[PDB]
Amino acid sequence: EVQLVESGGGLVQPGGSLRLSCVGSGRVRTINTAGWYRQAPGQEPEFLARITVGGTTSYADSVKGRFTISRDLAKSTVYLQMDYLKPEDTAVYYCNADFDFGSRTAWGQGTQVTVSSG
């Protein structure tokens, strides 16, 4: 079993930056890949970024050049550095983790990101 706990969301102005964290607990040494997704109300989840144990990253077209996914194996934590946020980035962001030979998946509880000038 693998549990994921997210943090870092909140309010940010357009053009601002946030960093999200996804901390893994349990049998973290069997995690193969971890990814970031987001979901806005009434829409399917959108894939954002993926990273392997080796550090190979893959991004969706909508966040390339702005979002950076990284991982700290010692802390069992995957980060999503989000620069130059736009109102269209408002969503609940979820991290996932593939483990047990890429056969099992766990999801975080999600964290709300709202990009607004108020």
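For every residue, the number given is its place in the sequence shown, counted from 1.
- Taking only CA atoms, the mean B-factor in the PDB entry is higher for 21-29 than for the other of 21-29 and 91-99.
- Look at the C-alpha B-factors of 101-109 and of 7-15. On average they run higher in 101-109.
- The residue among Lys86, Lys75, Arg66, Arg38 whose C-alpha atom has the highest B-factor in the PDB entry is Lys75.
- For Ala34, the recorded CA temperature factor ranks within the middle third of the chain's modelled residues.
- Per the deposited record, the Cα B-factor of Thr52 falls in the highest third when ranked against the other modelled residues of its chain.
- Per-chain ranking of the deposited C-alpha B factor places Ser70 in the middle third.
- For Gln43, the recorded CA B-factor ranks within the highest third of the chain. Only modelled residues enter the ranking.
- When the modelled residues of the chain are ordered by C-alpha B-factor, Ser62 sits in the highest third.
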